Amino acid sequence: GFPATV
Amino acid sequence: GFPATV
Amino acid sequence: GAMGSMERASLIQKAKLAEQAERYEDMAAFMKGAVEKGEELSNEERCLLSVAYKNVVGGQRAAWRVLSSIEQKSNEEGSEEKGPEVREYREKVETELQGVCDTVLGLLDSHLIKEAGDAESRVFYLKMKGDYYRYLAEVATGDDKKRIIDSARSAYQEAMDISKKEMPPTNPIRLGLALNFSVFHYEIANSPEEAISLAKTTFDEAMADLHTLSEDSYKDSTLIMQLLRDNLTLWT
Amino acid sequence: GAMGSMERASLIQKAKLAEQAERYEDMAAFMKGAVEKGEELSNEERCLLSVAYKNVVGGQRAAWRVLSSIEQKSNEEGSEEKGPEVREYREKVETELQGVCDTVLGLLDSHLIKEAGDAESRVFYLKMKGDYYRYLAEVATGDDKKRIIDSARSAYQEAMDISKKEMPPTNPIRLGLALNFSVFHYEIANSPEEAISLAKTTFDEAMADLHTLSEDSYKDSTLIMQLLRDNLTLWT
Ligand SMILES: *SCCNC(=O)C(C)(C)Oc1ccc(Br)cc1
Ligand SMILES: *SCCNC(=O)C(C)(C)Oc1ccc(Br)cc1
Ligand SMILES: [Mg+2]
Ligand SMILES: [Mg+2]
Ligand SMILES: [Mg+2]
Ligand SMILES: [Mg+2]
Ligand SMILES: [Mg+2]
Ligand SMILES: [Mg+2]
């Protein structure tokens, strides 16, 4: 799973 | 658009 | 080939891993290596080959259609001249797509089709040959366009002739062939009536044979029948 | 480079076309060519560079995680030995990912960062440097793992120091940097408390500065603030 990054 | 193909 | 040093079984195992990782270019390269070992493919292996290349070329086709749409809009009246870049990039994607199609057709000609004697394998490969000539036809504009279209039609027709003699009307390969040949008639050959007739007759003859099937075979057959009905709904 | 003969403006135009066609590998190759012209990038061009490579490496990371999961399950107790193939293919994807990260870091070092004097450009590039060292850290296991982690931390910290001096607390680049550095603390540096503190403080200081913004700037800032809140919800 990925926490949000931009 | 694509009609269905398999 | 860069896959020449890898074991056939390891290429197959890696194609399955590539599919789980949604790495379809890798999957196709592994399956190309497996075909080039020279042995016939099993039913599951034929599915891995087809899934890999259908996903690679499907992405190319989708990108080509986006770029062709932009190119056509750029060439209308009142459109600001943007230079050669849209055409160049559409040509780049087009040439890549043509290369993938030529690769698949090359595997089928050297030597998958000529060694395929059972209907399941031979119909599947001839259907793929029609499919990849159809993708070439979608982008074709030159002196050879009619010959490309006829190559697709001829491969589909041979597959149809075998499928009607050797497979029940519910066989999923027979159904998938009819689905795709019907799309060929509608989109490539400018024959919507033939497309509709083929889809309807195929659906109706399959419906009448479902009573012979197990629950699992019924699920497989009705899945493809629903695609025929979906296309008929689009076209009528 | 294979892009050396193409005009900078044509590379930029093609990167935009590649984005519309969802051809992110092409987009990245076009933007690499544009960077290699040696001129500084505008704000929009920096976005094209980052979007292209974030999408390429993001797909590699997703594939790597699928393969690593399969590999770990294969190495548990009672698992049937499947041979070297899962490790080999995970290593293949890993080496490709490392190559993309090295390419981006190479562009940043030669010579994007050293020519970037305004906060918007310098913070953005230093954030990217932290990001690509972070992706290297996600796969690192060797003698250099701690140095890779420290390289990410150092680039993020320099970006943070500039952003706090030179940008308002709602600047989307300042917010995106804090979001990603907070993820670095949580996932890479084993520092969940630092991750949570950074995300919360960044959110709260941005909230107090929203009153200064136009409607369009408010939309941009609150979009990133919601990502901070999403991560805080995941972690608390
Ligand atoms: S061969 C890949 C596995 N089969 C499929 O994905 C679906 C669409 C379910 O079934 C068919 C694929 C190809 C053909 Br010719 C018939 C059925
Ligand atoms: S740079 C690409 C355009 N921006 C974006 O896609 C979003 C996520 C909307 O905004 C940001 C991206 C990157 C950063 Br550092 C901040 C905002
Ligand atoms: Mg062998
Ligand atoms: Mg052409
Ligand atoms: Mg007929
Ligand atoms: Mg020039
Ligand atoms: Mg390694
Ligand atoms: Mg602090």
Side-chain angles (χ1 to χ4, degrees), chain C residues 57 60-61 63-72 74-75 82-103 105 132-149, chain D residues 1-15 17 21 23 26 30-42 45 123 130 153-154 156-165 167 169 174-175 177-186 189 191-208 228 231-232 235:
Chain C
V57 79
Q60 295 173 316
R61 288 162 75 212
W64 185 95
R65 289 183 194 194
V66 167
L67 299 172
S68 184
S69 173
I70 296 169
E71 186 181 10
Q72 282 186 278
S74 80
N75 291 332
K82 299 302 172 25
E85 288 89 356
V86 174
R87 172 185 58 75
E88 286 168 350
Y89 185 46
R90 186 269 302 157
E91 283 172 352
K92 180 191 178 179
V93 172
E94 183 174 303
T95 298
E96 189 189 287
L97 185 159
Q98 290 169 326
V100 174
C101 290
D102 289 347
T103 287
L105 292 167
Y132 287 84
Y133 275 114
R134 170 163 58 89
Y135 307 148
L136 288 176
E138 290 177 336
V139 307
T141 60
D143 281 354
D144 53 356
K145 178 191 178 67
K146 283 169 177 165
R147 271 178 287 271
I148 290 165
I149 288 174
Chain D
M3 302 298 177
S5 62
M6 205 187 305
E7 285 283 15
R8 191 187 188 280
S10 300
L11 290 161
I12 298 295
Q13 182 182 355
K14 292 180 183 178
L17 292 172
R23 293 267 299 195
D26 287 351
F30 292 140
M31 288 313 300
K32 179 177 188 285
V35 171
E36 292 175 348
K37 300 301 177 183
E39 307 273 4
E40 296 186 29
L41 303 194
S42 67
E45 294 160 355
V123 176
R153 179 206 57 75
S154 181
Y156 282 136
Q157 188 62 60
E158 183 179 345
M160 288 291 331
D161 291 345
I162 301 167
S163 75
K164 287 182 159 193
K165 283 177 198 174
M167 291 169 159
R174 178 168 170 179
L175 293 175
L177 166 63
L179 179 76
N180 286 23
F181 193 21
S182 164
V183 168
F184 167 85
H185 288 303
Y186 195 93
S191 299
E193 290 177 331
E194 188 71 14
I196 290 163
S197 183
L198 177 57
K200 175 157 190 359
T201 288
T202 298
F203 181 101
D204 290 343
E205 289 163 28
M207 176 74 52
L228 290 162
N231 286 357
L232 284 165
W235 295 340

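Just so we're on the same page: letters track the sequence lines, and every chain starts at 1. Values below: every heavy atom of this structure, side chains too, minus hydrogens, waters and symmetry copies. Atoms within each ligand, like the ligands themselves, are counted from 1 in listed order.
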- [ ] Answer whether the closest heavy-atom distance between the side chains of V86(C) and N75(C) falls below 4.5 Å.
- [x]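 No; the side chains remain at least 4.5 Å from each other.
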Task: N, O or S atom within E7(D) nearest to the Mg ion (ligand 6), by name - done: OE1
Open item on the list: Less than 2.8 Å away from the Mg ion (ligand 4), how many protein N/O/S atoms can be counted, ignoring water?
Closed with: 1
Open item on the list: Taking the basic N atoms (NZ, or NE/NH1/NH2) and the acidic carboxylate oxygens, is any pair closer than 4.0 Å for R90(C) and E85(C)?
Closed with: no
Open item on the list: Looking only at the side chains, is there a donor atom on one of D26(D) and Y89(C) sitting less than 3.5 Å from an acceptor on the other?
Closed with: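 The answer is yes; a qualifying pair exists.
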Task: Under 3.5 Å side-chain donor-acceptor pair for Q157(D) and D161(D) - done: yes
Open item on the list: So, taking the atom named CD in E94(C) and the one named CZ in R87(C), what distance separates them when rounded to the nearest 0.5 Å?
Closed with: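 Atom-to-atom, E94(C):CD and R87(C):CZ are 11.0 Å apart.
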Task: Side-chain donor or acceptor of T103(C) paired with backbone N/O of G99(C) under 3.5 Å - done: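 Such a contact is found between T103(C) side chain and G99(C) backbone.
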